[PDB]
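Below is one structure; the comments refer to it alone.
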Ligand SMILES: Nc1ncnc2c1ncn2[C@@H]1O[C@H](COP(=O)(O)OP(=O)(O)OP(=O)(O)O)[C@@H](O)[C@H]1O
Ligand SMILES: Nc1ncnc2c1ncn2[C@@H]1O[C@H](COP(=O)(O)OP(=O)(O)O)[C@@H](O)[C@H]1O
Ligand SMILES: Nc1ncnc2c1ncn2[C@@H]1O[C@H](COP(=O)(O)OP(=O)(O)O)[C@@H](O)[C@H]1O
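Residue numbers (the deposited numbering), protein chains in the order written: chain H, 6 to 375; chain M, 3 to 26, 37 to 87; chain I, 7 to 376; chain G, 7 to 376.
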């Protein structure tokens with residue numbers, strides 16, 4: 006009996022260890038109302054969380070507590086974890102030990118303060134923080150190979166060979182789902198359809214998930230988009246109003262492969278995956294090309310795998326065979342790994358206990374992280 | 003001044019600028045290392061009359077004809 | 007054609023026209039179409055069903071005001087064509103549009119359909135030699151005569167902050183919010199009804215804009231002025247009747263700096279300025295804080311510069327020099343910039359010729375914009 | 007030749023240029039090509055798409071930085087051509103390349119293709135009378151005015167140790183390691199992200215280099231200073247914001263002494279020096295240990311001399327006299343050596359003439375360099 010709780014910037018995936026898929030999946034947001042001095046009606050919650058805030062988007066200002074895999078407002082994150090254990094999962098945190106997930110190369114204060122809350126506020130019996138990328142490999146039953154776990158908050162590239170990780174080869178890029186969502190708003194505003202508010206940004210994320218797809222040749226796709234209106238698809242908003250996004254459909258996910266569009270002055274998700282493999286030892290490169298995994302929900306874009314293969318193959322040597330690993334459950338790839346890890350009898354020892362936390366302090370986490 | 007006097011919707015008796023109040037080697041002094049004073053004029057004089065023999069010179073990774081020592085002698 | 011180019015500012019509230027030779031705009035009239043309020047069947051009433059600028063101001067109470075441009079976007083194009091036709095009337099300028107070339111001043115990050123249709127009208131309806139669409143922010147710097155400078159241009163329709171350093175505008179650091187002078191006029195009408203004076207009519211909305219422009223001061227501390235008993239300064243209406251404004255005077259334009267009070271999800275005028283600087287690169291931040299320029303009519307509020315300086319200082323880093331350099335001609339700054347730009351021989355290269363638009367295509371106007 | 011020969015110290019971090027005989031290099035500017043990343047909209051902005059040296063330093067925030075040479079190997083030659091062109095331009099020495107001979111200063115044990123291309127550019131693109139390529143270490147000894155000494159030259163790009171006894175330099179005892187000042191700045195950036203301050207931008211990476219030079223001390227005992235709670239020393243960024251560096255201050259420069267931290271299997275700077283002496287013949291070991299000369303900018307770290315003297319003493323034999331001598335101008339020591347060598351009449355014989363290069367080709371340069 007143990008709890009796996011993925012603390013993703015976009016969506017918080019929580020559930021019991023051993024189960025196939027996560028029990029409760031809700032958007033990680035806190036909804037505070039745009040209140041005036043006028044008195045409010047009955048059935049009023051001071052701050053709404055998750056699926057409740059997703060229902061009452063109209064009035065509530067949606068504030069994401071985790072920004073680029075860094076917890077900015079801890080009071081907000083506490084209210085999400087309270088919604089996770091007590092309401093969503095229907096379980097006491099004192100009974101079950103809780104596994105959390107942190108992105109690699111995050112600030113040290115993040116892991117420090119995270120565990121402090123779990124030990125003091127919720128009074129958990131044991132707490133282990135893990136790297137999202139390390140878990141994602143277990144999903145595919147692969148010990149060897151690199152992963153390109155692109156989330157809503159961040160995208161990170163962690164090469165692991167024969168159950169041994171290369172820490173110095175790890176590269177983090179701040180370009181992620183929320184930056185693409187923010188980019189899609191700007192180009193939709195250029196077409197005509199203006200989306201400004203926090204509630205409207207959530208509707209633009211629903212537009213992104215459904216329509217947007219990765220093009221094989223961007224320049225070739227822009228030529229077809231100009232000539233014919235075949236790529237132009239219609240989407241119905243919450244309001245009866247319908248919109249035809251056009252070429253901006255495949256223009257949004259292009260930003261992943263060339264950040265110049267967003268204006269970050271950084272390497273693309275294809276180029277960073279190559280650079281990470283080159284930073285590793287020369288011998289093991291072979292297996293990393295052969296076992297390139299794509300994880301998170303930012304790798305569920307239709308035809309990212311085809312475009313990824315093409316771009317890596319061009320950069321990589323001709324003799325090498327480049328196979329991209331795209332399992333059907335990419336969105337729940339971080340959690341399903343956690344469920345496999347927590348269930349294993351070996352992992353029982355690796356848990357950090359309250360007694361261990363009390364004596365040493367919150368600094369113990371940095372030793373027993375990975 | 004007379005240009006802006008002509009127009010109706012102009013700022014009159016307002017300050018133009020709103021501004022804030024105007025607010026007004038450790039290794040090179042180490043014990044371990046011995047601090048030398050570089051005098052190129054002195055250095056130039058010491059090497060002044062020193063020459064090199066560029067005849068039969070080959071520093072390259074050429075195997076032929078045993079070992080070689082570049083810059084044979086002066087004068 | 008060598009004949010003098012005609013600058014025209016597309017201000018949502020007031021459009022400012024004139025020749026490039028003039029130091030100031032000779033002809034500037036309100037941007038609204040005036041039709042008779044009662045649907046005219048009979049003779050002896052207001053004839054034509056069109057009253058623009060000074061003719062409208064004379065017979066204002068009889069007519070019904072309808073603004074053609076909202077939030078820096080043209081809603082009714084038929085109305086805008088009549089307005090631009092009145093610019094080339096016997097009343098203002100008194101010239102052929104076919105002879106003189108034109109310069110438009112569209113707000114930043116507007117819809118591309120707005121720019122394309124604006125060009126189509128000015129090339130097809132009027133037989134213009136050449137047209138050039140430009141950004142309102144870039145012009146404001148030419149007027150003042152400095153290359154570096156952030157331009158907080160608070161218009162009637164839109165308030166936007168564009169950072170430009172050494173003649174280089176960062177397009178990602180641009181910030182645009184819809185809460186502008188027109189919204190302040192709308193919110194003042196609500197507070198005037200809370201004082202007990204209704205301005206229900208579209209004509210009666212114009213005198214609320216006059217009340218705002220005459221008497222509305224921005225308090226340095228809003229909470230202290232609320233507790234203090236007001237003088238209740240009397241304003242005289244067109245009919246002759248007096249109205250005591252009282253606390254509505256100062257707590258109306260406050261909604262610029264704090265738009266959450268009414269319940270509008272926006273950043274605020276102090277916030278968009280700071281955010282635009284913070285979004286830009288770290289090296290430039292100090293110089294961009296050291297060079298801020300106020301543009302448009304919604305900066306002329308009494309004690310705007312005093313409040314903004316205080317609200318920017320607390321958000322901005324400590325011990326940083328913040329100079330908010332307002333010109334004396336803030337309302338007419340955007341046009342004067344265009345008048346200088348138009349006069350230069352470089353402008354001859356920048357604009358798009360009528361024959362160029364026929365051959366090149368639609369993109370011609372967009373690609374030459376920058 | 008009557009015209010003085012120009013000394014150019016082609017350093018990875020800073021390229022130092024000047025005329026032979028001069029006591030100090032008159033014109034020393036940072037080695038990078040700055041291109042504007044933001045768009046030009048206004049007229050009168052900064053002219054050219056290439057900014058090099060002091061103009062690039064002033065307008066750093068506007069530009070995207072790109073180092074042409076990495077680890078003493080010219081990666082992009084087009085860029086290296088533009089910086090050498092800028093040395094001869096009006097801003098720096100302001101003379102024709104055809105009239106003055108050149109003295110280039112490359113690092114030891116660099117690729118042969120680098121020396122070949124370096125010559126090709128300096129003879130074809132610039133029609134120079136004569137070029138001599140020399141080692142950095144050999145010059146550093148002429149500056150101090152000593153015939154016997156080992157030269158530990160820790161530069162920005164590469165750190166190397168060359169044992170030189172009574173004029174002769176032992177080519178098999180040369181020790182070179184890629185880990186250097188620029189890897190310390192790269193390793194500092196990684197630890198600053200762990201502390202929770204991000205510097206993703208190429209312009210922001212130059213601020214990390216500024217933080218390194220100002221606030222980073224090498225602790226005499228590494229394991230001792232790790233455990234003890236450190237005083238969190240605040241540093242002021244260009245914008246004004248304060249960062250607490252904390253443990254990253256002293257952990258960052260330790261990379262030079264322990265290359266295992268970044269994860270490269272190479273010798274430490276302390277191991278490089280002793281290995282270079284131990285590789286030399288038995289008789290000269292005592293004289294080389296007595297005569298140690300530190301060079302390059304990366305030796306200017308606070309407590310470098312103290313730590314190195316501690317580390318060398320443990321690896322070196324018992325009861326041997328270890329005197330580490332520092333010239334006050336460590337940074338400019340390499341160039342001053344070049345000026346003294348260039349001023350001697352013996353340098354005339356050492357040169358490769360244009361005709362000599364044109365006849366034999368690449369071989370002539372490889373024959374006469376060390
Ligand atoms: N099918 C899809 N196609 C395209 N984009 C998607 C799709 N599903 C989700 N996304 C986008 O990618 C993000 C994926 O978030 P996800 O559910 O993987 O959680 P997360 O916060 O990224 O967690 P983690 O970092 O642990 O992977 C969403 O926020 C959304 O913006
Ligand atoms: N003297 C003034 N005091 C206060 N508000 C003013 C004043 N003059 C104009 N305004 C406000 O500013 C608006 C004018 O905006 P304007 O500068 O013409 O915008 P644009 O830059 O788009 O042309 C008016 O409609 C009014 O709301
Ligand atoms: N005061 C300082 N403290 C620490 N490191 C420094 C200091 N000054 C310069 N450096 C480092 O030394 C570098 C300069 O290298 P330099 O000696 O000019 O190279 P080269 O010897 O290859 O010509 C800088 O880029 C920086 O990384």
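Every residue, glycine too, gets a C-beta built ideally from N, C-alpha and C.
Asked                                                                                                                         : Found
Residue 312 of chain I in three-state terms, based on DSSP                                                                    : helix
CB contact below 8 Å: residue 196 of chain H versus chain I                                                                   : yes
Nearest residue (CA-CA) to residue 356 of chain H, options H/341, H/104, H/139 and H/187                                      : H/104
Where the stretch 331-342 of chain I meets chain M: residues whose CB sits under 8 Å from a CB there                          : 331, 332, 333, 334, 335, 336, 337 and 338
CB contact below 8 Å: residue 210 of chain G versus chain I                                                                   : yes
Span of the beta strand (DSSP E), counted from its first residue to its last, around residue 107 of chain H                   : 103-107
Under the three-state DSSP convention, the category residue 360 of chain I falls into                                         : helix
Any non-hydrogen atom of ligand 2 within 7 Å of residue 210 of chain I CB                                                     : no
Interface residues of chain I facing residue 7 of chain M [CB-CB closer than 7 Å]                                             : The contacting residues do not exist; residue 7 of chain M stays about 10 Å from chain I at best.
Residues in the stretch 134-148 of chain G having any Cβ partner in chain M nearer than 8 Å                                   : 148
Contacts of residue 232 of chain I in chain H (Cβ-Cβ under 8 Å)                                                               : The contacting residues do not exist; residue 232 of chain I stays about 12 Å from chain H at best.
Residue 119 of chain I: contacting residues in chain H (beta-carbon distance under 8 Å)                                       : 196 and 197
Which residues DSSP lists as bridging residue 16 of chain H, in chain order                                                   : H/32
Distance cut-off 7 Å: residue 219 of chain I Cβ against heavy atoms of ligand 2                                               : yes
Continuous alpha helix (DSSP H) assignments of at least 4 residues falling wholly in the stretch 68-138 of chain G            : 83-94 and 118-130
Sheet register partners of residue 34 of chain G (DSSP bridge)                                                                : G/22
Host beta strand (DSSP E) of residue 155 of chain G (start-end)                                                               : 155-160
Near-chain G residues of the stretch 105-129 of chain I (beta-carbon distance less than 8 Å), N- to C-terminal order          : none
Beta carbon proximity, residue 318 of chain H to chain I, threshold 8 Å                                                       : no
Straight-line gap, residue 440 of chain I to residue 214 of chain H (C-alpha atoms, nearest Å)                                : A query on residue 440 of chain I cannot be resolved here, the shown segment of chain I reaching from 7 to 376 and no further.
Sequence-distant residues of the same chain with beta carbon closer than 7 Å to residue 17 of chain I, five excluded per side : 37, 161 and 162
Against chain I: residues of the stretch 44-61 of chain G by CB proximity under 8 Å                                           : 44, 45, 46, 47, 48, 49, 50, 51 and 52
Straight-line Cα distance separating residue 148 of chain H from residue 369 of chain H                                       : 27 Å
Alpha-carbon to alpha-carbon, residue 306 of chain G and residue 226 of chain G                                               : 15 Å
Residue-level contact to chain G via CB, residue 46 of chain M, 8 Å cutoff                                                    : yes
Residue-chain proximity (residue 70 of chain M, chain G), Cβ-Cβ < 8 Å                                                         : yes
Whole-angstrom distance between residue 154 of chain G and residue 173 of chain G, CA atom to CA atom                         : 7 Å
Beta-carbon neighbours of residue 114 of chain H, restricted to chain G and to distances below 7 Å                            : 202
Unbroken beta strand (DSSP E) run spanning residue 290 of chain G, endpoints                                                  : Here residue 290 of chain G belongs to no beta strand (DSSP E), and DSSP marks it neither H nor E.
8 Å Cβ cut-off: residues of chain I touching residue 25 of chain M                                                            : 325 and 327
Stretch pair the stretch 91-100 of chain G + the stretch 18-28 of chain G: three plus CB contacts closer than 8 Å             : yes
Contact set between residue 3 of chain I and chain H, taken where Cβ atoms lie within less than 7 Å                           : The requested residue 3 of chain I does not occur in the structure, where chain I is confined to residues 7 to 376.
Contact list for residue 13 of chain M against chain I, beta-carbon separation under 7 Å                                      : 306, 334 and 336
CB contact below 8 Å: residue 312 of chain G versus chain M                                                                   : yes
Distance cut-off 7 Å: residue 284 of chain I Cβ against heavy atoms of ligand 3                                               : no
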